[PDB]
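Trainee: Encoded as structure tokens, here's the structure I'll be asking about.
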Amino acid sequence: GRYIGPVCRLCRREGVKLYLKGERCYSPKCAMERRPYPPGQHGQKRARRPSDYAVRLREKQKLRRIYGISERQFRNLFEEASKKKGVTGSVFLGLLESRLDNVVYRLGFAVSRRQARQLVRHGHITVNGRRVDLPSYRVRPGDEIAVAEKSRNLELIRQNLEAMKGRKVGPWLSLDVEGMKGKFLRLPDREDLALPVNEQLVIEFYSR
Amino acid sequence: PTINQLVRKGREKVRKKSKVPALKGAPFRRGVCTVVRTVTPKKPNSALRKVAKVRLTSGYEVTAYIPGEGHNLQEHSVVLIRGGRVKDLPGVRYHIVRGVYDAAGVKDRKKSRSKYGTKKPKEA
Amino acid sequence: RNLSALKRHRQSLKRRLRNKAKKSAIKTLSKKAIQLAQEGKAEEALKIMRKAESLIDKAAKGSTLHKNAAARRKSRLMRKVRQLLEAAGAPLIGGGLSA
Amino acid sequence: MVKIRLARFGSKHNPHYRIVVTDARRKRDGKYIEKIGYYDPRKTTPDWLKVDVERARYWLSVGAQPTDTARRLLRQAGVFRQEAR
Amino acid sequence: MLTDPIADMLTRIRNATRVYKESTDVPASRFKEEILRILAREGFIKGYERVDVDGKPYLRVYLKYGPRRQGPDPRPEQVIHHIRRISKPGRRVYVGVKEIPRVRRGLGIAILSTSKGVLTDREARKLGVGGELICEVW
Amino acid sequence: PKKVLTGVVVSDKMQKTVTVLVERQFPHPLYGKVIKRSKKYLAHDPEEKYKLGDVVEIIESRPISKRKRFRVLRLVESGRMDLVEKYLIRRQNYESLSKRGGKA
RNA sequence: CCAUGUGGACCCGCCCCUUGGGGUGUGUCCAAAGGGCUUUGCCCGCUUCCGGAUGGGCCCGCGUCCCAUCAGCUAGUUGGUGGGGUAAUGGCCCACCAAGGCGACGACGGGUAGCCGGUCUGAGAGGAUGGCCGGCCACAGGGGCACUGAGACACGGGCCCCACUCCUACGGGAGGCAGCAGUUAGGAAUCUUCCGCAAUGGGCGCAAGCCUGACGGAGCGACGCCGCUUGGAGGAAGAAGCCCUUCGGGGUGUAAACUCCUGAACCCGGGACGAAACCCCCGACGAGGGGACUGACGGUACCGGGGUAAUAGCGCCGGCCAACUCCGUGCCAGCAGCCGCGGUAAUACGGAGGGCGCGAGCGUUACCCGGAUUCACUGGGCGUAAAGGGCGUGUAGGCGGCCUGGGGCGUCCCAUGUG
Ligand SMILES: [Mg+2]
Ligand SMILES: [Mg+2]
Ligand SMILES: [Mg+2]
Ligand SMILES: [Mg+2]
Ligand SMILES: [Mg+2]
Ligand SMILES: [Mg+2]
Ligand SMILES: [Mg+2]
Ligand SMILES: [Mg+2]
Ligand SMILES: [Mg+2]
Ligand SMILES: [Mg+2]
Ligand SMILES: [Mg+2]
Ligand SMILES: [Mg+2]
Ligand SMILES: [Mg+2]
Ligand SMILES: [Mg+2]
Ligand SMILES: [Mg+2]
Ligand SMILES: [Mg+2]
Ligand SMILES: [Mg+2]
Ligand SMILES: [Mg+2]
Ligand SMILES: [Mg+2]
Ligand SMILES: [Mg+2]
Ligand SMILES: [Mg+2]
Ligand SMILES: [Mg+2]
Ligand SMILES: [Mg+2]
Ligand SMILES: [Mg+2]
Ligand SMILES: [Mg+2]
Ligand SMILES: [Mg+2]
Ligand SMILES: [Mg+2]
Ligand SMILES: [Mg+2]
Ligand SMILES: [Mg+2]
Ligand SMILES: [Zn+2]
């Protein structure tokens, strides 16, 4: 299935915050905040040089975890941007944002990505006016990501549809706060997304 | 060479020889045991590694390593045989799969298991 | 046993025994045309030739010889009789023969 | 004889049919001599039926026999229509 | 015996240069002349002059070089960094247009014999024909 | 276009028949130098006209015997023994390279 | 069997074309069958003839694995004239005559394998492979043979012998799944004696219809690819227990406990597309129009409502190779793909805690390619590293100087047919 387990420990594995714990992950709690060093018995001891391949892999893992999809199809998404006409680093992401489970988490309707998924899986979501239980979902420019009326008066929807009067979307996006709607303007750029990944280093792991 | 030399003579596609005979195509082959013994090892080493010469169902009479601590192998115990030679002992080039047929799985095995035909012991 | 099948072999038998009668008539008859052709009886050979040539064609309407294969046996005979009468005497009838 | 019929090119529960000109005795979905259109019987599109009339109108001056199904799909294509007075 | 009129030239001018000889002389062909007019159309060589060496017909090619480099090896740079022939004899090399390659990512030249003659991949493809693929400079 | 072949006769020693040697040139499949490989076509010459060493064209035709599938079109040149000698030199040399032997 | 014969076939004759193609002149020979109904005309048929299309036989050009430790093979063998045979050319087959044919550009023998579209690998060049689907081939227990027919030399047709099984009254006869499904055998391994002819396809029929183990679907198998759940939001300066500790303390670890939220499964109901034809009346039997029949998947998919927190498992952690420590053991027991670890401080063996990688899969074994520019066209080398014949001669073959012109075989170019 999906990975399911001790999430804020990769808040610390690759050494920087991955906001996957979600609304806690802006505390002086999310695990990183306390103890930067990554897991078990040794995590505090002196860390030596990382192999050329170490680093090659770290920065791949980060981007795989951070987006909350498992390897086997993190691949067919890479290998589907390769097969596509344009910059490979920049196409890749481009079809991470078009996935449904992170079409929500940037459209507001959730606290973290792992949560944001549940709402997709469970019949809660509208796509060009229909119900989609499919995180694997290719959201195109002009699509309509909303909520089905039935779930609307749920707290989790709403405390989150709240806070959005203090934030903004992401410039490829209109949020319709009140009407509970959302619109996919275009794809992103590598202009926008300021992730803590370096993407060529990802591709240099999918060269070997 | 010259072009012509080759045009006349040419490049002789290399030939591949399977470091594992017995398995006529197969990945495993069941045989009955013949000898059940132990032979001391090669040169930098020292042990008393455990082995069994096994008549086959491909005709042959090949000798086999028993991977593991304990074993249950007697002169007529059916077995199963996979590739993977031994840099300690010469003439042995296939192993015996633990756990299939009259061959034991090793008791007292928590870690490396799936190889050793030993199941899961929870309520541990 | 499968009575769809058996049907067609009993069938066979009956046509073989009409196809035998057909051919083994024509051999016979046309051999006795070659024969009268040798010693120049242009009267009689040219008779036999036409009662050959027809028993040909009517085995050609049928399924014994083909139009291709029956036309054949017409040229075997017709020509070879026009020619045995070379080494003898001129065609009396001119029945199955175009001067 | 020469015939015009239907040949499967979908999968389980998802048939998409092809219009074909092919020799009678030929295997169903086999080396046909001419593709003259498709027919979507699950009809999931605006274009769930194309034919092109002018070829089936050579192909019947030809003397290629339709099915029932395929016959009905040609009348409905315009294939068999007449005009003037 | 002497086999390759062509490959020979390259190897004179090769060995000529890598010595930094001002001038060098090669057995007058019609080919060797038309290949040569290229090699100065495209500035690898200053130019060839027809000169008779011992009342025998010949071509005098003058050699182009780099500029006085410094360092501890003050020896310039053959404008001809590598020249070498592809259609070798008994082993020939005919490319269409499709098959005409480009050399050093466009920085370089491939020489052709075509139905319209003495051609560079640029001049070659611009013209839309091909043939025996000859040598290769840069 | 019932194929047309230009080759030089190398065998008279038969009835209304004759052997012809046609050759072709081409880049080697992989190694790709021009090579030149040839083959001999038992032609049909009825009236017997063409003789031992002629330069002929042949065309694919209605089978005449077992290995006769070419009639002879026309003559491009007569007298060309140069090759007939060459072809016989090759045919000869088989006398050598045997594990019967070859004597001095 | 007889006649009529629009036409066709054959013999001979001329006239175009030119391998047996098209016309024409005389002689000669051949046709048929009737059933049905809306009966004085419509339908399914019938016979001879040119043609369309369809499918197919046969022949040639190039392509088509290895070993020369197989170099010489050939007597129906190669060709000729006559003949037979076929839908048709031809040693295909027979008679008779001449002595040919083939081969190192691999004849011959031996070994192996159906071939291809494509499929896997690879930067490419090649290397590996031809289950499924599709195009061509070849067989139907082994072998030879002909009949019927447009067609085969015929899997569920026929004649003969042999092996094998079986009935027998000891004369004799029966039998052929490599068609679906299953049994047995073998083997590391390969499934239901399922539903239905609704769809589509085929045979036959004027039609309703009839046969359809093709096929359409279901069953079983993680075997493979993809889609999906095992929760999520909150939660301690951080429980117990388990491991390390330099006894201060470090780690599993916000993970768990509880707080809140969502609701796979299940329950209730509704509930398909896939199917409009053939048929029937109108209308002309046509074009067009109207009516009727029919679902094996299936009471599935999918829509409305209801609802429980709700499977985790394998490999690895000395180097290559992401992951480090305590005990136990002491060249023992054991790991291992390569070098290698173990002879009382083992990051390598077996356990624990901790760690990395993956997830309904994770590993091991077998095979294909890459790595391997270690078969080297791309892309290699011989002084000592494996390798220049001990030296010449010269045949096949490979290769070649300067000046102009004819051919255009190669090679380039454009249009086109095919793929
Ligand atoms: Mg529901
Ligand atoms: Mg017959
Ligand atoms: Mg009559
Ligand atoms: Mg009759
Ligand atoms: Mg009657
Ligand atoms: Mg075989
Ligand atoms: Mg490569
Ligand atoms: Mg193959
Ligand atoms: Mg198949
Ligand atoms: Mg059998
Ligand atoms: Mg047989
Ligand atoms: Mg059968
Ligand atoms: Mg039907
Ligand atoms: Mg499954
Ligand atoms: Mg399994
Ligand atoms: Mg999956
Ligand atoms: Mg939680
Ligand atoms: Mg409908
Ligand atoms: Mg490491
Ligand atoms: Mg281990
Ligand atoms: Mg220790
Ligand atoms: Mg250990
Ligand atoms: Mg290679
Ligand atoms: Mg080397
Ligand atoms: Mg040496
Ligand atoms: Mg020596
Ligand atoms: Mg020359
Ligand atoms: Mg010239
Ligand atoms: Mg040309
Ligand atoms: Zn977090």
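Ordering of the structure tokens sets the chain letters (A, B, ...); residue numbers start at 1 within each chain; ligands are numbered from 1 in the order shown.
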May I ask you to write as a list in words all residues lying at most 10 Å from ligand 6, with only C-alpha atoms (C1' of nucleotides) and all ligand atoms counted?
Mentor: residues 112, 113 and 114 of chain G
Trainee: Next, dump the selected residues to file, keeping only N, CA, C and O atoms (P, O5', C5', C4', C3', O3' and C1' of nucleotides), as a PDB file, in the first residue's frame.
Mentor:
ATOM      1  P     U G 112      21.007 -33.127 -33.086  1.00  0.00           P
ATOM      2  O5'   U G 112      20.464 -31.627 -32.898  1.00  0.00           O
ATOM      3  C5'   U G 112      21.050 -30.746 -31.940  1.00  0.00           C
ATOM      4  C4'   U G 112      20.777 -29.280 -32.243  1.00  0.00           C
ATOM      5  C3'   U G 112      19.332 -28.873 -32.460  1.00  0.00           C
ATOM      6  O3'   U G 112      18.595 -28.778 -31.259  1.00  0.00           O
ATOM      7  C1'   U G 112      20.686 -27.830 -34.073  1.00  0.00           C
ATOM      8  P     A G 113      16.997 -28.955 -31.265  1.00  0.00           P
ATOM      9  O5'   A G 113      16.500 -27.750 -32.171  1.00  0.00           O
ATOM     10  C5'   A G 113      15.898 -26.620 -31.574  1.00  0.00           C
ATOM     11  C4'   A G 113      15.482 -25.602 -32.598  1.00  0.00           C
ATOM     12  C3'   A G 113      14.222 -25.914 -33.391  1.00  0.00           C
ATOM     13  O3'   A G 113      13.027 -25.659 -32.661  1.00  0.00           O
ATOM     14  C1'   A G 113      15.912 -25.154 -34.852  1.00  0.00           C
ATOM     15  P     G G 114      11.686 -26.520 -32.926  1.00  0.00           P
ATOM     16  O5'   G G 114      11.232 -26.029 -34.375  1.00  0.00           O
ATOM     17  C5'   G G 114      11.056 -24.643 -34.641  1.00  0.00           C
ATOM     18  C4'   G G 114      11.210 -24.325 -36.106  1.00  0.00           C
ATOM     19  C3'   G G 114      11.228 -22.837 -36.461  1.00  0.00           C
ATOM     20  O3'   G G 114      12.537 -22.266 -36.380  1.00  0.00           O
ATOM     21  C1'   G G 114       9.698 -24.015 -37.880  1.00  0.00           C
TER      22        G G 114
END
Trainee: Kindly compile the residues surrounding ligand 8 within 10 Å, counting only C-alpha atoms (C1' of nucleotides) and all ligand atoms, and format them as a PDB file with N, CA, C and O atoms (P, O5', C5', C4', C3', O3' and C1' of nucleotides), in the first residue's frame.
Mentor:
ATOM      1  P     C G  65      22.377 -17.912 -42.088  1.00  0.00           P
ATOM      2  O5'   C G  65      22.578 -18.630 -40.695  1.00  0.00           O
ATOM      3  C5'   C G  65      23.249 -17.979 -39.639  1.00  0.00           C
ATOM      4  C4'   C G  65      23.307 -18.862 -38.438  1.00  0.00           C
ATOM      5  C3'   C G  65      24.576 -19.663 -38.267  1.00  0.00           C
ATOM      6  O3'   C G  65      25.640 -18.902 -37.727  1.00  0.00           O
ATOM      7  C1'   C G  65      22.662 -20.998 -37.793  1.00  0.00           C
ATOM      8  P     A G 113      16.997 -28.955 -31.265  1.00  0.00           P
ATOM      9  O5'   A G 113      16.500 -27.750 -32.171  1.00  0.00           O
ATOM     10  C5'   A G 113      15.898 -26.620 -31.574  1.00  0.00           C
ATOM     11  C4'   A G 113      15.482 -25.602 -32.598  1.00  0.00           C
ATOM     12  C3'   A G 113      14.222 -25.914 -33.391  1.00  0.00           C
ATOM     13  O3'   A G 113      13.027 -25.659 -32.661  1.00  0.00           O
ATOM     14  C1'   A G 113      15.912 -25.154 -34.852  1.00  0.00           C
ATOM     15  P     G G 114      11.686 -26.520 -32.926  1.00  0.00           P
ATOM     16  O5'   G G 114      11.232 -26.029 -34.375  1.00  0.00           O
ATOM     17  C5'   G G 114      11.056 -24.643 -34.641  1.00  0.00           C
ATOM     18  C4'   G G 114      11.210 -24.325 -36.106  1.00  0.00           C
ATOM     19  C3'   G G 114      11.228 -22.837 -36.461  1.00  0.00           C
ATOM     20  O3'   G G 114      12.537 -22.266 -36.380  1.00  0.00           O
ATOM     21  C1'   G G 114       9.698 -24.015 -37.880  1.00  0.00           C
ATOM     22  P     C G 115      12.757 -20.758 -35.837  1.00  0.00           P
ATOM     23  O5'   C G 115      12.325 -19.853 -37.080  1.00  0.00           O
ATOM     24  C5'   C G 115      13.095 -19.848 -38.266  1.00  0.00           C
ATOM     25  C4'   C G 115      12.370 -19.200 -39.420  1.00  0.00           C
ATOM     26  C3'   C G 115      11.871 -17.796 -39.187  1.00  0.00           C
ATOM     27  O3'   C G 115      12.896 -16.839 -39.330  1.00  0.00           O
ATOM     28  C1'   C G 115      10.198 -19.074 -40.263  1.00  0.00           C
ATOM     29  P     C G 116      13.108 -15.746 -38.194  1.00  0.00           P
ATOM     30  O5'   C G 116      11.967 -14.667 -38.564  1.00  0.00           O
ATOM     31  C5'   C G 116      11.940 -14.055 -39.864  1.00  0.00           C
ATOM     32  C4'   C G 116      10.604 -13.395 -40.205  1.00  0.00           C
ATOM     33  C3'   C G 116      10.143 -12.268 -39.291  1.00  0.00           C
ATOM     34  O3'   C G 116      10.764 -11.028 -39.570  1.00  0.00           O
ATOM     35  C1'   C G 116       8.325 -13.729 -39.707  1.00  0.00           C
ATOM     36  P     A G 128      22.921 -14.220 -30.829  1.00  0.00           P
ATOM     37  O5'   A G 128      21.829 -14.003 -29.691  1.00  0.00           O
ATOM     38  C5'   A G 128      21.986 -14.616 -28.414  1.00  0.00           C
ATOM     39  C4'   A G 128      20.716 -14.557 -27.604  1.00  0.00           C
ATOM     40  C3'   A G 128      19.470 -15.128 -28.271  1.00  0.00           C
ATOM     41  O3'   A G 128      19.366 -16.542 -28.139  1.00  0.00           O
ATOM     42  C1'   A G 128      18.980 -12.992 -27.406  1.00  0.00           C
ATOM     43  P     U G 129      18.719 -17.437 -29.318  1.00  0.00           P
ATOM     44  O5'   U G 129      17.161 -17.157 -29.180  1.00  0.00           O
ATOM     45  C5'   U G 129      16.478 -17.369 -27.953  1.00  0.00           C
ATOM     46  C4'   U G 129      15.185 -16.601 -27.925  1.00  0.00           C
ATOM     47  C3'   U G 129      14.134 -17.066 -28.922  1.00  0.00           C
ATOM     48  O3'   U G 129      13.292 -18.067 -28.374  1.00  0.00           O
ATOM     49  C1'   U G 129      14.363 -14.673 -28.961  1.00  0.00           C
ATOM     50  P     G G 130      12.700 -19.225 -29.306  1.00  0.00           P
ATOM     51  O5'   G G 130      11.562 -18.470 -30.119  1.00  0.00           O
ATOM     52  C5'   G G 130      10.223 -18.949 -30.135  1.00  0.00           C
ATOM     53  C4'   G G 130       9.263 -17.835 -30.449  1.00  0.00           C
ATOM     54  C3'   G G 130       8.327 -18.082 -31.632  1.00  0.00           C
ATOM     55  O3'   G G 130       7.128 -17.310 -31.433  1.00  0.00           O
ATOM     56  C1'   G G 130       9.693 -16.233 -32.117  1.00  0.00           C
TER      57        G G 130
END
Trainee: Can you tell me which residues surround residue 33 (chain E) at a distance of at most 10 Å, considering only C-alpha atoms (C1' of nucleotides), apart from same-chain residues fewer than 5 positions away, and format the answer as a list in words?
Mentor: residues 26, 27, 28, 38, 39, 48, 49, 50, 58, 59, 61 and 118 of chain E
Trainee: Wanna dump the chain G-ligand 10 contacts at 12 Å for me, each residue with its shortest atom pair and the distance in Å to one decimal, counting only C-alpha atoms (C1' of nucleotides) and all ligand atoms, ordered by chain and number, as a Markdown table?
Mentor:
| residue | atom | partner | partner_atom_place_in_ligand_line | distance |
| --- | --- | --- | --- | --- |
| G:140 | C1' | ligand 10 | 1 (Mg) | 8.4 |
| G:141 | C1' | ligand 10 | 1 (Mg) | 5.7 |
| G:142 | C1' | ligand 10 | 1 (Mg) | 11.5 |
| G:155 | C1' | ligand 10 | 1 (Mg) | 10.7 |
| G:164 | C1' | ligand 10 | 1 (Mg) | 11.5 |
| G:176 | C1' | ligand 10 | 1 (Mg) | 7.1 |
| G:177 | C1' | ligand 10 | 1 (Mg) | 7.5 |
| G:178 | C1' | ligand 10 | 1 (Mg) | 6.7 |
Trainee: Env of region 145-159 of chain A: 8 Å cut, atoms = only C-alpha atoms (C1' of nucleotides), seq-sep filter 2 positions within chain, self excluded. Answer as a PyMOL selection string.
Mentor: (chain A and resi 103-104+109-110+124-131+143+161-163+180-184) or (chain G and resi 233+261)
Trainee: Which residues are near ligand 26 in this structure, taking near to mean any atom at most 10 Å from a ligand atom and counting only C-alpha atoms (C1' of nucleotides) and all ligand atoms? Format them as a list in words.
Mentor: residues 387, 388, 389 and 390 of chain G
Trainee: With C-alpha atoms (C1' of nucleotides) retained, export the selected residues as a PDB file, in the first residue's frame.
Mentor:
ATOM      1  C1'   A G 387      49.989 -13.550 -30.645  1.00  0.00           C
ATOM      2  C1'   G G 388      54.556 -12.051 -37.429  1.00  0.00           C
ATOM      3  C1'   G G 389      53.794 -17.880 -40.263  1.00  0.00           C
ATOM      4  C1'   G G 390      61.520 -20.739 -39.776  1.00  0.00           C
TER       5        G G 390
END
Trainee: Using only C-alpha atoms (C1' of nucleotides) and all ligand atoms, which protein or nucleic acid residues are at most 10 Å from ligand 9, as a VMD selection string?
Mentor: chain G and resid 131 to 134
Trainee: In Å, how far is it from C1' of residue 44 (chain G) to CA of residue 7 (chain C)?
Mentor: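 Atom-to-atom, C1' of residue 44 (chain G) and CA of residue 7 (chain C) are spaced 25.3 Å apart.
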Trainee: Which of chain F counts as strand (DSSP E or B) under DSSP, as number ranges by chain please?
Mentor: F: 4-11, 17-27, 34-40, 43-44, 55-65, 68-77
Trainee: Under the rule that only C-alpha atoms are counted, which of E:2, E:29, E:64, E:88 is the nearest residue to residue 3 (chain B)?
Mentor: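 Ranked by minimum distance to residue 3 (chain B), first place goes to E:88.
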Trainee: At a cut-off of 10 Å, using only C-alpha atoms (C1' of nucleotides), what residues contact residue 70 (chain D)? Leave out same-chain residues fewer than 6 positions from it and give the result as a list in words.
Mentor: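 Final neighbour list, sorted by chain and number: residues 4, 5, 6, 19, 20, 39 and 76 of chain D; 277 of chain G.
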Trainee: For chain E against chain G, which residues fall within 12 Å using only C-alpha atoms (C1' of nucleotides), given as a ChimeraX atom specification?
Mentor: /E:1-6,27-31,56-58,88-100,112-117,124-125,127-133
Trainee: Hey, which bits of chain A sit within 7 Å of ligand 30, and for each residue what's the closest pair of atoms and how far apart in Å (one decimal), counting only C-alpha atoms and all ligand atoms, rows by chain and increasing number, as a Markdown table?
Mentor:
| residue | atom | partner | partner_atom_place_in_ligand_line | distance |
| --- | --- | --- | --- | --- |
| A:7 | CA | ligand 30 | 1 (Zn) | 5.9 |
| A:8 | CA | ligand 30 | 1 (Zn) | 4.1 |
| A:11 | CA | ligand 30 | 1 (Zn) | 5.0 |
| A:17 | CA | ligand 30 | 1 (Zn) | 6.9 |
| A:18 | CA | ligand 30 | 1 (Zn) | 5.8 |
| A:19 | CA | ligand 30 | 1 (Zn) | 4.9 |
| A:20 | CA | ligand 30 | 1 (Zn) | 4.4 |
| A:21 | CA | ligand 30 | 1 (Zn) | 3.2 |
| A:22 | CA | ligand 30 | 1 (Zn) | 6.0 |
| A:25 | CA | ligand 30 | 1 (Zn) | 4.8 |
| A:30 | CA | ligand 30 | 1 (Zn) | 5.2 |
| A:31 | CA | ligand 30 | 1 (Zn) | 6.4 |
Trainee: For the residues in the current selection, export C-alpha atoms as a short mmCIF file (atom, residue, chain, number, x, y, z; two decimals), in the first residue's frame.
Mentor:
data_model
loop_
_atom_site.label_atom_id
_atom_site.label_comp_id
_atom_site.auth_asym_id
_atom_site.auth_seq_id
_atom_site.Cartn_x
_atom_site.Cartn_y
_atom_site.Cartn_z
CA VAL A 7 6.31 10.34 9.96
CA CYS A 8 8.27 13.07 11.86
CA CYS A 11 11.10 15.36 9.35
CA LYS A 17 11.74 19.51 7.75
CA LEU A 18 9.29 17.73 5.55
CA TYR A 19 5.93 19.20 6.39
CA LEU A 20 4.17 15.92 6.45
CA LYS A 21 3.08 15.99 10.08
CA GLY A 22 1.09 18.96 8.81
CA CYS A 25 4.68 20.57 11.73
CA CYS A 30 7.39 18.60 14.81
CA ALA A 31 9.97 16.18 15.52
#
